[PDB]
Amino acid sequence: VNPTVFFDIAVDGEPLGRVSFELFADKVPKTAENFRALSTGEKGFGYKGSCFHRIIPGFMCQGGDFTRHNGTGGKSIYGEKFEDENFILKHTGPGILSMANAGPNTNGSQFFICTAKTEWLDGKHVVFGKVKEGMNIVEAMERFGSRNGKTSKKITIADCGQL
């Protein structure tokens, strides 16, 4: 069964709203479990307290660097990096949750949420989830993005866990 996780988003420390995701453990159980475990922090580390370092209106919101907090770090529950599980799922529209990477088989903890169709990323980033509730909060996060993704306010995951 597909688990459900949530982010409680804050803007400059002020609460913004909750986004929940369904994680497609039925198609990508390894990628889904990494995100699930990092959302609960049950391994001793995870997404709580980290920020969305890149928000580009019309495209996606990227975050997940909880080791360096500069957009270059992050790690998975399996080690520093793990392999691309498969590319069954595609970037079909807004709300898609997918793994950021720096080349083939360099998945860690960085992820992105699409705010539009990004089909040129298909076959290159592993899709593993979709926003279930709170797409308006993701849309609200775009108010603080920019052309190259620099955010004008600090957008953080104040809390997160499993539903």
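Residues carry their position along the shown sequence, with the first being 1.
Item to complete: Look up the CA B-factors in the entry and say which stretch, 102 to 110 or 53 to 61, has the higher mean.
Response: Mean CA B-factor is higher for 102 to 110.
Discussion item. Averaging CA B factors per stretch from the PDB record, which one is higher: 71 to 79 or 88 to 96?
Written reply: The recorded data point to 71 to 79.
Worksheet item: Of the three thirds of its chain by CA temperature factor, lowest, middle or highest, which one includes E139?
Response: Answer is middle: the recorded C-alpha B-factor places it there.
Worksheet item: Once the chain's modelled residues are ordered by C-alpha B factor and cut into thirds, is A10 in the lowest, middle or highest one?
Response: CA B-factor rank for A10: middle third.
Worksheet item: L23's Cα B-factor: lowest, middle or highest third of the chain?
Response: Ranked within chain, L23 CA B lands in the middle tercile.
Worksheet item: Which third, lowest, middle or highest, does the CA B-factor of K43 fall in along this chain?
Response: Within its chain, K43 is a highest-third residue by C-alpha B-factor, going by the deposited values.
Item to complete: Would you check the entry's CA temperature factor for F35 and let me know if it's in the chain's lowest, middle or highest third?
Response: Tercile = middle for this residue's CA B-factor.
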